[PDB]
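Asker: Structure of the sequence below:
(chains A and B)
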Amino acid sequence: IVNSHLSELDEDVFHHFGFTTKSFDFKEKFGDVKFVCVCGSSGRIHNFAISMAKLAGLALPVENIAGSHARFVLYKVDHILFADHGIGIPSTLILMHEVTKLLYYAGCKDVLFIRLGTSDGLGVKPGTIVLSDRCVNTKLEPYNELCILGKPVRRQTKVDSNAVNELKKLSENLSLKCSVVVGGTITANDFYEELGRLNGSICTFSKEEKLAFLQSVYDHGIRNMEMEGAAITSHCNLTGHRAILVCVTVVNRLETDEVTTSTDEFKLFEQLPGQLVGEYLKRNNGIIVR
Amino acid sequence: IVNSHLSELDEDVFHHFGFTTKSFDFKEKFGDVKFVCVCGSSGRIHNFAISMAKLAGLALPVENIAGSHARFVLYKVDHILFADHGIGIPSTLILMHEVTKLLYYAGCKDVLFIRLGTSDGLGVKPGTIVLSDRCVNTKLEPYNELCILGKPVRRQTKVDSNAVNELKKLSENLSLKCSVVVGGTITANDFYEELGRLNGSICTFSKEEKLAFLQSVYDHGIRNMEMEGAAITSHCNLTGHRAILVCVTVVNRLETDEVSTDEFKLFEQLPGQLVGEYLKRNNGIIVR
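Answerer: Numbers count the residues shown, from 1 in each chain, chains lettered A, B, ... in the order given. See the structure here:
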């Protein structure tokens, strides 16, 4: 389904990328894109892009395509786009609207979005990669909820189960220094109270209450929790694209709220999704290997 | 109301600032804080901190207190903290949790949070400063909704009406090149569909339907729309602090959907011109 209103526009402005439809020949510039890789940090996604450029053997430094005074960054390495989405569903939806419009104007069909994130784990050790087979909200329902013109709307979430399976199989043939698990993911709007953290500035529950909640979701098949998945996976489904989440876990919340703060091992954890995804991209014609 | 769990912890980590309760003596470093100014952008709040430091005649370094690789920046000049909140309620709630904890460990009581931002206008000309007299959701209810351990929770929003009146009176005494109006503010969770924009990647409504929704909002006293207000005002209320929004409007959505580079930057400076003078006249900065 296509937004019929876009045909009504003579020029369209990407407010959060700092460019318009007059800035490029979108079809020429982006027409070959088949993957969009995203996470919450501009520095981290820039580093993954650089890392993909190295894999592709690409000699030109990776530079921002978005305007430098704009909110979000955008990089391109061969048939892959890279962008940040900031923290949370509202920020992410802005990015989803603007990138999926870009893809539309460029004629890109059936693109795979890959969120490479960090996440809280449940019942897996820190450093585990979780491939989302399912994304649910804090009510454990597979929907993203919105309120549009004041009326409640629910949009079903969906992940690319074929891609999940391919990544699972790839991980078995790689030698990654971690475990890879297929399981469900909770998206929340609050890093603290909605994820059952006891150490916000406000907390209306006990340790037992938090544990009862998290154990129940574990036994529902949830293995991690983050803040954007609902949004990405519901949005792609409606705009005709595919989505997966590939997130490393940085704490086992069934045991603690605190991340064992080895500054080295957190950066270690952060690299794991890219190692797996980079190879998937290389094996699925995301890049030219120079 | 205090979070009792905090006293159980030995070292508490501010994940999004990149420091801990061990990094500093919080009472000595932050104990004099009575104001926290926030907006969406690190660059924008940085430049406002430098402007306040200039206004105060503070010659000392105004460096980022947060870790250079942390999610948010944090600056201080005299009795004011400065930090960015990103876009949207969830990002802003993280900032609100970590800053209000910081104030808690520092012994700061009854602090005024001030959001300086941009916003969609309803029936006011672009460049208008709206001082929020209430913050509501897209159903026009003065609450921020959460789902905590799977249970719906509704947290009332509140603004510091007295501070709103003082800014209004100050605007009448200053010569700012804008109008200043007191009126209501919608917080939404989506820049496009939830604010009735027709040019998202998805849209299930007509121009007439979004106009009816916005006209209704206006009829109920709403004069602008943005994406964080519900979060700041509900949170300050529960933690014993006060909050206000001072937002310039950059488009009149009742007339047009489209907001050039020149005039927008001029718009952005306007909340800072009014607030900076308010802070100068209400003991935010010492007279030196």
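Asker: So what sits opposite residue A:38 in the bridge?
Answerer: When bridges are called by DSSP bridges, residue A:38 pairs up with residue A:83, residue A:115.
Asker: Residue A:91 is in contact with that one, correct?
Answerer: No: using CB atoms under 8 Å, residue A:38 is not in contact with residue A:91; the gap is 11.1 Å. C-betas here are computed from N, CA, C, even on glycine.
Asker: For residue A:214, give its distance to chain B.
Answerer: According to CB to the nearest CB, to the nearest Å, residue A:214 stands 9 Å off from chain B.
Asker: May I have the helix of greatest length in chain A exported as PDB, CA atoms only?
Answerer: In chain A, taking DSSP state H as the definition, the longest helix is helix A:263-283. This file holds the C-alpha atoms of helix A:263-283, laid out as PDB (Å, rounded to 0.1, in the frame of the first residue of the first chain):
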ATOM      1  CA  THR A 263      34.300  -0.900  29.600                       C
ATOM      2  CA  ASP A 264      36.000  -3.400  27.300                       C
ATOM      3  CA  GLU A 265      33.400  -6.200  27.400                       C
ATOM      4  CA  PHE A 266      30.500  -3.800  26.700                       C
ATOM      5  CA  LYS A 267      32.200  -2.700  23.500                       C
ATOM      6  CA  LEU A 268      32.900  -6.300  22.900                       C
ATOM      7  CA  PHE A 269      29.200  -7.100  23.200                       C
ATOM      8  CA  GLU A 270      28.300  -4.200  20.900                       C
ATOM      9  CA  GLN A 271      30.300  -5.600  18.000                       C
ATOM     10  CA  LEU A 272      28.600  -9.000  18.000                       C
ATOM     11  CA  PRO A 273      25.500  -8.100  16.000                       C
ATOM     12  CA  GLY A 274      27.600  -6.600  13.200                       C
ATOM     13  CA  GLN A 275      29.900  -9.600  13.000                       C
ATOM     14  CA  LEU A 276      27.000 -11.900  12.200                       C
ATOM     15  CA  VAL A 277      25.000  -9.400  10.100                       C
ATOM     16  CA  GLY A 278      28.000  -8.300   8.100                       C
ATOM     17  CA  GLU A 279      28.700 -11.800   6.900                       C
ATOM     18  CA  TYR A 280      25.000 -12.300   6.100                       C
ATOM     19  CA  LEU A 281      25.100  -9.100   4.000                       C
ATOM     20  CA  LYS A 282      28.300 -10.400   2.300                       C
ATOM     21  CA  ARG A 283      26.600 -13.700   1.400                       C
END
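Asker: That helix packs against which elements?
Answerer: strand A:35-39, helix A:42-56, strand A:112-121, strand A:129-136, helix A:161-173, strand A:242-252 (3 or more CB pairs under 8 Å, 6 or more residues apart in numbering or on different chains; DSSP states H and E).
Asker: Which elements pack onto the last one?
Answerer: Using 3+ CB pairs under 8 Å, 6+ apart, the elements in contact with strand A:242-252 are strand A:112-121, strand A:129-136, helix A:161-173, strand A:222-226, helix A:229-239, helix A:263-283.
Asker: Mind doing that once more with 10 Å?
Answerer: For strand A:242-252, the elements it packs on are strand A:35-39, strand A:112-121, strand A:129-136, helix A:161-173, strand A:180-187, strand A:222-226, helix A:229-239, helix A:263-283, judged by 3 or more CB pairs under 10 Å, 6 or more residues apart in numbering or on different chains; DSSP states H and E.
Asker: before we move on, what about the fourth one?
Answerer: Based on contacts counted as 3+ CB pairs under 10 Å, 6+ apart, the elements that strand A:129-136 packs against are strand A:112-121, strand A:143-148, helix A:161-173, strand A:180-187, strand A:222-226, helix A:229-239, strand A:242-252, helix A:263-283.
Asker: Dump these into JSON lines; add mean neighbour count as well.
Answerer: Listed next are the helices and strands packed on strand A:129-136 as JSON lines, based on neighbours: other CB atoms under 10 Å in any protein chain shown:
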{"stretch": "strand A:112-121", "mean neighbour count": "26"}
{"stretch": "strand A:143-148", "mean neighbour count": "20"}
{"stretch": "helix A:161-173", "mean neighbour count": "15"}
{"stretch": "strand A:180-187", "mean neighbour count": "23"}
{"stretch": "strand A:222-226", "mean neighbour count": "26"}
{"stretch": "helix A:229-239", "mean neighbour count": "25"}
{"stretch": "strand A:242-252", "mean neighbour count": "24"}
{"stretch": "helix A:263-283", "mean neighbour count": "18"}
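Asker: Can you say which of those is nearest to residue A:104?
Answerer: helix A:229-239 (7.8 Å; CB to CB).
Asker: any idea of the angle the longest helix of chain A forms with strand A:112-121?
Answerer: Going by axes from the mean of the first three to the mean of the last three CA atoms, to 10 degrees, helix A:263-283 is angled at 150 degrees with respect to strand A:112-121.
Asker: For residue A:57, list the residues it contacts.
Answerer: Contact partners of residue A:57, counting by CB atoms under 10 Å, 6 or more residues apart in numbering or on different chains, are A:287-290.
Asker: Can you check my assumption that residue A:109 lies in a helix?
Answerer: No: using DSSP: H, G, I helix; E, B strand; the rest coil, the secondary structure at residue A:109 is coil, not a helix.
Asker: State whether it and residue A:32 are indeed in contact, as I suppose.
Answerer: No: assessed by CB atoms under 10 Å, residue A:109 is found out of contact with residue A:32, at 11.6 Å.
Asker: Which one's more surrounded, these two?
Answerer: With neighbours defined as other CB atoms under 10 Å in any protein chain shown, residue A:109 and residue A:32 compare such that residue A:32 has more, 14 against 10.
Asker: Not counting residues beside it along the chain, what's closest to that one?
Answerer: Using CB to CB, 6 or more residues apart in numbering or on different chains and skipping residues adjacent in sequence, the residue nearest residue A:32 is residue A:79, 5.1 Å away.
Asker: List the residues that contact that neighbour.
Answerer: A:30-35, A:56, A:108, A:111, A:281, A:284-288.
Asker: ok, of those residues, which come out buried?
Answerer: A:30, A:33-35, A:56, A:108, A:111, A:281, A:286-287 (16 or more other CB atoms under 10 Å in any protein chain shown).
Asker: What is whichever strand or helix holds residue A:153 packed up against?
Answerer: Using DSSP states H and E, the element containing residue A:153 is strand A:151-156. Judged by 3+ CB pairs under 10 Å, 6+ apart, strand A:151-156 is in contact with strand A:143-148, helix A:229-239.
Asker: Now do the longest one against strand A:143-148: the angle between them, please.
Answerer: Yep, that's helix A:229-239 we're talking about. Between helix A:229-239 and strand A:143-148, the angle formed by their directions is 80 degrees, by the same axes, to 10 degrees.
Asker: Extract the CA atoms of helix A:229-239 and return them as PDB.
Answerer: What follows is helix A:229-239, C-alpha atoms only, in PDB (Å, rounded to 0.1, in the frame of the first residue of the first chain):
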ATOM      1  CA  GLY A 229      11.300  -3.200  17.700                       C
ATOM      2  CA  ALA A 230       7.500  -2.900  17.700                       C
ATOM      3  CA  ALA A 231       7.800   0.200  15.600                       C
ATOM      4  CA  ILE A 232      10.200  -1.100  13.000                       C
ATOM      5  CA  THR A 233       8.500  -4.400  12.400                       C
ATOM      6  CA  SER A 234       4.900  -3.000  12.300                       C
ATOM      7  CA  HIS A 235       6.000  -0.200   9.900                       C
ATOM      8  CA  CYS A 236       7.800  -2.400   7.400                       C
ATOM      9  CA  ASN A 237       4.900  -4.800   7.200                       C
ATOM     10  CA  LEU A 238       2.600  -1.900   6.100                       C
ATOM     11  CA  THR A 239       4.900  -0.400   3.600                       C
END
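Asker: for it, packing partners?
Answerer: For helix A:229-239, the packing partners by 3+ CB pairs under 10 Å, 6+ apart come out as strand A:35-39, helix A:89-105, strand A:112-121, strand A:129-136, strand A:143-148, strand A:151-156, strand A:180-187, strand A:242-252.
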